[PDB]
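A quick write-up on the structure given underneath.
Number of protein chains: 2
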Amino acid sequence: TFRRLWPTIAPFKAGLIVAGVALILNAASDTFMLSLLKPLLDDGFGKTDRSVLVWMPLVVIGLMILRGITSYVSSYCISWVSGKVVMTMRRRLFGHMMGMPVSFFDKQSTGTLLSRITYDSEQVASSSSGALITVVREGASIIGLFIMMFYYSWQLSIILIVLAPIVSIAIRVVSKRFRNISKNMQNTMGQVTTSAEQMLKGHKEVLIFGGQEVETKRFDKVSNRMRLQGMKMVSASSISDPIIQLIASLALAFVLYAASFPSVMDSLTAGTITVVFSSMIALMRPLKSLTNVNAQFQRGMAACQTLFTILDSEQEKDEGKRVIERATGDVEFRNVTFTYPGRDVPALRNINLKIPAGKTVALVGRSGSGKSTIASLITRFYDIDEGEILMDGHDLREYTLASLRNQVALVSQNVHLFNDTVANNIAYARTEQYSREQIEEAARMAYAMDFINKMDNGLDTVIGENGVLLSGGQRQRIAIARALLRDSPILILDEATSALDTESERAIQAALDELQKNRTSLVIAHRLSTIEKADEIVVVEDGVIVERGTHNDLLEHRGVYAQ
Amino acid sequence: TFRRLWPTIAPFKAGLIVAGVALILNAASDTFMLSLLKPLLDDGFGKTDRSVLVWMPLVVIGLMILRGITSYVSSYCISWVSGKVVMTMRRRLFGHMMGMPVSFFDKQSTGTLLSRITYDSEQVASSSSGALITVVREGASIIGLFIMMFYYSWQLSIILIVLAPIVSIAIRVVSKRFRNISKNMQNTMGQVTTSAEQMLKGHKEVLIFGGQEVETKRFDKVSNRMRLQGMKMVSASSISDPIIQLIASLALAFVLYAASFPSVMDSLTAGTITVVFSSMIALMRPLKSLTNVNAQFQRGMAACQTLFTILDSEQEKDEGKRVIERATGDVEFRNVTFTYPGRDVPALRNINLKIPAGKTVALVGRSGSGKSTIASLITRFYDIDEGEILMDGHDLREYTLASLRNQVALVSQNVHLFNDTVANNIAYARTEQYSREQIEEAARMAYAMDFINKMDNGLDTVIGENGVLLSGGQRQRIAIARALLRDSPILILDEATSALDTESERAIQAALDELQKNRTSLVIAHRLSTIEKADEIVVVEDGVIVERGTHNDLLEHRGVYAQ
C-alpha cells in the first residue's frame with residue numbers, strides 16, 4: 012500500500028536482483044578481508060610461517076579488486092534501475108501534466124514543475140535505491156560479520172549477539188530522543204528567525220520613524236537570543252554521538268571482559284580475538300546505518316507520494332463532444348463573466364459582445380483584468396465561470412476540445428518556438444498533414460519566406476532555443492505562418508505592443524487581411540492602425556465594457572482613443 | 012577574507028585555543044585506544060596469558076569517556092566561538108542593512124536578506140569552524156598515528172611515511188580528476204534540464220495546436236538523454252571511491268609485503284603489527300578529511316566574501332547638513348523626473364506641482380503609475396533622478412536626512428507595527444523623549460480609546476510577534492496617533508484604507524482634521540470624500556499631471572471620478 016510503485020519498477024527487476032547479488036558479494040568481500048586477519052596473526056606473526064605473508068598481500072589486493080569491481084557493478088546496476096524508473100516516472104508525469112488544464116499551470120506551479128520532473132523524481136529513486144543499498148549491503152555485512160564471529164569464536168559471538176540487539180536499541184532510542192529535542196529547538200529557532208525577518212521587513216518605517224538606534228539595540232537582543240538558541244542546538248546535536256559511542260564502548264568493554272573472567276573462554280588465539288574485535292568495529296557502521304534506513308526510505312516514498320498526487324490529479328475535462336472542422340458560424344459572448352482561478356475579484360463582468368462572422372472586431376485598452384482572458388475563454392484555457400460562449404450555434408462546453416482548439420489559431424509575439432526544424436515548428440503537431448510544398452507556399456504567402464530561406468538551411472534548419480534564436484517580430488511572422496497553414500476559421504490576434512516591426516509589421520497586417528479574408532477575428536488591439544481598419548470596436552476597462560462604437564463613431568466618449 | 016575576518020573573531024581567541032587543545036586530546040585519546048592493542052595482544056593473548064583483561068576494558072571505558080568529553084568540549088567551545096563571531100557579524104550586517112538605501116531593499120534584494128543574515132552568515136562559521144575542527148583534529152590524529160607507529164615499529168613506519176605522501180597525492184589527484192570529469196557531465200545535465208524546461212514552458216501553444224503527441228515523443232527523446240546523462244554521471248562519481256580504495260590497498264599490500272622480509276620481521280610482535288595495521292586503517296580518514304579541509308575552507312571564504320560585499324556596499328547618501336525643526340513652508344516639486352531603480356520607464360515624468368503649506372493637496376491616480384512614488388520622493392526613499400524638491404526654499408540634497416525624515420510622516424494602513432510596546436510602537440525612538448502623559452494625550456486625540464482598551468494592559472501593552480493583531484483600521488489609527496505624537500509638519504497620507512469600516516473611517520476623518528488643520532498634507536487618495544474635502548486636486552496618470560483643480564473645476568473632463 013505504501014509503495015504504489017512496484018508495477019513501474021517491475022520490468023527492471025533483473026537490475027535490482029543483480030545489484031543485490033553484487034552487494035552481497037561486496038559485503039562478503041569486507042567480511043573475508045577481516046577474516047584474513049586470523050592467518051595474518053595466527054599463521055603469520057604468531058607461529059613463524061612467512062609463506063602465509065607472501066600471498067596475504069596478493070589476497071588483500073584480490074579482495075579489494077573484487078570489492079571495487081562489485082561496488083561499481085552495484086552502483087551501475089542500481090543506478091540503471093533508478094534511471095529507468097525515473098525515466099518512466101518522468102514520462103508518465105509529463106504526459107499527465109501536458110493534459111492538465113493551464114489553470115493548474117498558471118501560478119499554482121510554474122517553475123517548481125521542473126523540480127517535480129527533475130528534482131523530486133530524482134529524489135524518489137535516489138532515496139529508494141539508497142535504502143535498498145543500506146538494507147542489502149549493510150544487512151549482509153551484519154550477517155557476514157556475525158557468521159565470521161560464530162565461526163571463529165562462538166562464545167564471544169554469543170556475548171555479541173546478546174548485546175548487539177541491546178546496543179542497536181541503545182543507538183535507536185537515544186537518536187530518537189535527541190532528534191526530537193533538536194526538532195523542538197529548531198522550531199524555537201525558526202520563531203526567532205521569523206522575528207528577525209519582521210525586524211528586517213519594516214525597513215521603510217525605520218528610516219522615517221526615528222532611526223536605526225532603537226532597531227539596532229533591539230536586534231542586539233534578538234541576535235543574542237539567536238546565538239543562545241544556536242549554541243543549545245549544536246550542544247544537543249553534539250551530545251548525541253558521544254553518548255552513542257559511550258554505550259557502544261560499554262558493549263566493547265563487556266565483550267572484552269567476556270574474555271577476561273571465564274577461564275573456559277580465553278582459548279582464543281591472537282588472530283581469533285583480533286578478528287572478533289575488528290568485527291565489532293566493522294559492525295558499528297552497519298548497525299548505525301540500518302537504524303536510519305527506514306527514515307531515508309520513508310523520505311523517498313514521501314517524495315513519491317508528492318509526485319503521485321500530481322500524477323493522479325484532475326486532468327482537463329473533455330465532456331464536450333461536438334466535432335467541428337471549418338466553422339463558418341461566429342462566436343458570441345452573452346453576459347459571460349469570468350473570475351481568475353486563484354482570486355475572487357471578477358476580472359470580467361457580464362460580456363454581451365457578439366463578434367460577427369468574417370469581421371475584424373477588436374478590443375481596445377489595457378484593462379488590467381479579463382481584457383486578455385477573452386482569448387483564453389475562446390480556446391477554453393480557463394473555463395468560463397458563468398455564461399455561455401456560443402460559436403456556430405452551440406456552447407463551447409459541448410464541443411470536443413481537440414476539435415475546438417483546431418478551429419482557433421492564436422497569433423502573438425510571445426510565441427513558444429518548439430525545439431524542432433523551422434518546417435516542423437510552423438507545422439507543429441500536424442507535421443504530416445502538410446507537406447513541404449505547403450510549407451513553402453505558406454511561408455511565401457506569410458511575407459516571411461525571405462528571412463526564413465535566408466536562415467541557413469532554410470525550412471529544415473533548427474529553430475529551437477540555443478539555435479538561430481529568431482526575434483519577437485520574427486516570432487510574429489512564424490506564428491502567422493503557422494496560422495497560414497489555415498484550417499483555423501477563428502483567429503485571435505494578441506498583436507503585442509507592436510514594437511515597430513516595420514516591413515514585418517506590414518507583413519503582420521497584410522497577412523491579417525489574408526487571415527481575415529475568411530476568418531472570424533478577435534484582436535486584443537494595442538495598435539490604432541488595426542482600429543482604423545477594424546469594422547467594430549468594443550472597449551473594456553477594469554473588467555467592464557464602456558463602449559461598442561467604431562473608431563470615429565467611437566469618438567463620442569473619447570477618453571483615451573487619441574492615445 | 013580571512014585577513015579581514017580575523018579581527019572580528021580576535022576577541023574570542025580563548026575559545027578557539029580551548030577547542031583546539033580539546034581536539035588534540037581527542038586525537039590523542041583515539042590513538043591511545045589503538046595503542047592499547049599491543050598490551051592486549053602481547054600481555055594478553057600473547058606471551059603473558061592474563062592479568063591485563065581487567066586493566067584493558069577499564070582503560071577502554073576511560074579513554075572513551077575522555078573521547079566523548081573532549082568531543083563535546085570541542086563542539087561546545089568551537090560553537091561558542093562560532094556564535095560570538097556570527098553574532099558580531101549579524102549585528103554589523105544588520106546595522107549596515109538598516110542604513111542602506113531603500114533601493115537596495117526594493118527588488119534589488121528581496122526578503123532573502125534574512126538568509127544573508129541567517130544562512131550565509133552561519134555557513135561561514137560553519138565552514139571555517141568545521142575546517143578548523145578538521146585541521147586540528149585530523150592532523151593531530153596523523154601526528155598521533157605515525158608517532159604511535161614510530162614508537163612500535165620504525166621499520167614499517169618508514170615505509171608508511173614514504174607511502175602516505177604517495178597515497179595522499181594519489182587520492183588528491185584522482186579526486187581532482189574525477190571532480191573535473193563530473194562537472195562537465197553536470198553542465199550537460201543542466202543543459203538538457205533547461206531543454207526540458209523549455210518543453211514545459213509551451214503549454215498554451217501545445218494545447219492550442221494539439222502537439223501533445225509530438226511533445227510526448229520529443230520528451231521521450233530528451234528523457235532518455237537525461238537518463239543516459241544521469242547514468243554516466245553516477246558512473247563517473249562511483250568510479251572514484253573504488254580507485255581510491257584500490258590505491259590505498261596497493262599501499263597496504265606493499266607495506267604487508269615489506270613485512271614479509273626477514274629484516275622487517277623478527278621484531279614485529281603479534282600486537283605490534285596489529286597496532287601498525289590498525290593505524291593504517293585509521294589513517295585512511297584524515298587524508299580525505301584534509302582534502303575536504305581545503306574544499307570547506309574555500310567554500311566558507313567564498314560565502315564570507317559574499318557577506319562582506321554586502322557589508323561594504325554604498326550606504327544612504329547623507330551629504331546634506333541643513334537642519335530643519337519645524338518645516339512650515341510649502342513643498343514644491345519643480346520640473347522633476349524620477350525613474351524607478353531597475354527600470355527605464357520614468358514613473359514620474361517631468362512635471363511641476365505646488366504643495367501649499369496648510370493645504371490638503373490631493374493626488375489622484377487610478378492606475379497608480381507615478382502616484383505612490385510622489386510619497387517616496389519626499390521621504391527620500393528613492394533619490395530623485397532629475398529635478399529638485401524645493402522644501403522650505405532649499406534642496407533636499409542640502410538637508411540632513413535625519414531631520415528631513417523627522418519633519419515628514421507617512422501614514423497608511425500598510426504600516427508595519429514594531430514588535431515593542433504600544434507605548435513604544437506609538438513612539439518609536441521617542442518613548443524616552445515623549446512622556447507617557449503625551450502617549451495618553453495622543454491616544455485621546457487619535458480616537459483609539461476603544462482599540463487601546465482592547466489591549467490588555469492598555470497603554471503599556473505589548474504588540475510583539477502579532478501579539479494583539481491590530482487590523483488595518485487599528486494599525487492606521489496607531490500610525491495616526493504616531494503622527495499626532497511626533498507632530499510632523501509634513502504629512503503624506505497614503506489613504507490606502509479605501510472606504511473600510513465607519514468608526515475607523517470617521518476616526519481617520521476627524522484625526523486628519525486635527526492634523527491637516529495646521530499641517531500640509533500630500534494625500535494620495537482612494538476615497539472620493541477626501542477628494543471633495545481636498546483643496547487642490549491633482550490628477551496624475553502615467554507619471555504626468557493631467558488635471559490640476561477642484562472636483563467641480565476639473566469635472567469638465569472627469570477622467571476617473573466616475574469609477
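So the sequences go chain by chain: A and B. Taking UniProt numbering, the leading residue of the first sequence gets 12, the next gets one more, and so forth. Taking UniProt numbering, the leading residue of the second sequence gets 12, the next gets one more, and so forth. Positions of the beta carbon are idealized from the N, C-alpha and C atoms, including for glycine.
DSSP beta-bridge partners of residue i
{"i": "A/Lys328", "result": "Answer is none; A/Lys328 lacks a bridge partner."}
{"i": "A/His405", "result": "A/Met402"}
{"i": "B/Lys365", "result": "B/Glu343"}
{"i": "B/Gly560", "result": "B/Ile548"}
{"i": "A/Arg14", "result": "In DSSP, A/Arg14 forms no bridge with anything."}
{"i": "B/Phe349", "result": "B/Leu359"}
{"i": "B/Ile76", "result": "Partner(s): none; B/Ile76 has no beta bridge."}
{"i": "A/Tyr410", "result": "A/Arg333"}
Collapsed DSSP secondary structure at residue i in the structure displayed
{"i": "A/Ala420", "result": "strand"}
{"i": "B/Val550", "result": "strand"}
{"i": "B/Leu502", "result": "strand"}
{"i": "A/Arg61", "result": "coil"}
{"i": "B/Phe288", "result": "helix"}
{"i": "B/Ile395", "result": "coil"}
{"i": "A/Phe56", "result": "strand"}
{"i": "A/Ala142", "result": "helix"}
{"i": "A/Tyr572", "result": "coil"}
{"i": "A/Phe429", "result": "coil"}
{"i": "A/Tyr439", "result": "coil"}
{"i": "B/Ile250", "result": "coil"}
{"i": "A/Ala264", "result": "helix"}
{"i": "B/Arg333", "result": "strand"}
Own chain, CB closer than 7 Å to residue i, minus 5 neighbours either side, in chain order
{"i": "B/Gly469", "result": "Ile463"}
{"i": "A/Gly141", "result": "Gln307"}
{"i": "A/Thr339", "result": "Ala368, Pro500"}
{"i": "A/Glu552", "result": "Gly376, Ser378"}
{"i": "A/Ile542", "result": "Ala373, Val375, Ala536, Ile548, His562"}
Per-residue burial, residue i [other beta carbons within 10 Å of its own, 16 or more giving buried]
{"i": "A/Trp91", "result": "buried"}
{"i": "B/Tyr439", "result": "buried"}
{"i": "B/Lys332", "result": "exposed"}
{"i": "A/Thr59", "result": "exposed"}
{"i": "A/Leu511", "result": "exposed"}
{"i": "A/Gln309", "result": "exposed"}
{"i": "B/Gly222", "result": "buried"}
{"i": "B/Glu216", "result": "buried"}
{"i": "B/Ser446", "result": "exposed"}
{"i": "B/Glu133", "result": "buried"}
{"i": "A/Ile180", "result": "exposed"}
{"i": "B/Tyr83", "result": "buried"}
Contacting residues, own chain, Cβ-Cβ under 8 Å from residue i (five flanking each side not counted)
{"i": "A/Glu525", "result": "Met456, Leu495"}
{"i": "A/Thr280", "result": "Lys49, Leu52, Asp53, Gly57"}
{"i": "B/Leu565", "result": "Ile548, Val550, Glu558, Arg559"}
{"i": "A/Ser137", "result": "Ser93, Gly311"}
{"i": "A/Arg183", "result": "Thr302"}
Own chain partners of residue i with C-beta closer than 6 Å, once the 5 adjacent residues on each side are dropped
{"i": "B/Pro297", "result": "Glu149, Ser152, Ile153"}
{"i": "B/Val571", "result": "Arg377"}
Residue i at chain E interface by Cβ criterion, 8 Å
{"i": "B/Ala434", "result": "Note that chain E does not occur in the displayed structure, where the protein chains are A and B."}
* Asked: Residue ranges of each alpha helix (DSSP H) run of no fewer than 4 residues wholly in the region 446–532 of chain B, ordered along the chain?
  -> 447–456, 460–465, 483–497, 514–527
* **Every unbroken alpha helix (DSSP H) inside the region 106–133 of chain A [4 residues or more]** => Correct list: 113–116, 123–126.
* For the region 208–237 of chain B, list the alpha helix (DSSP H) runs that are entirely contained and at least 4 residues long, ordered along the chain. => Under the rule that a run must span 4 or more residues, the alpha helix (DSSP H) segments found entirely inside the region 208–237 of chain B read 214–220.
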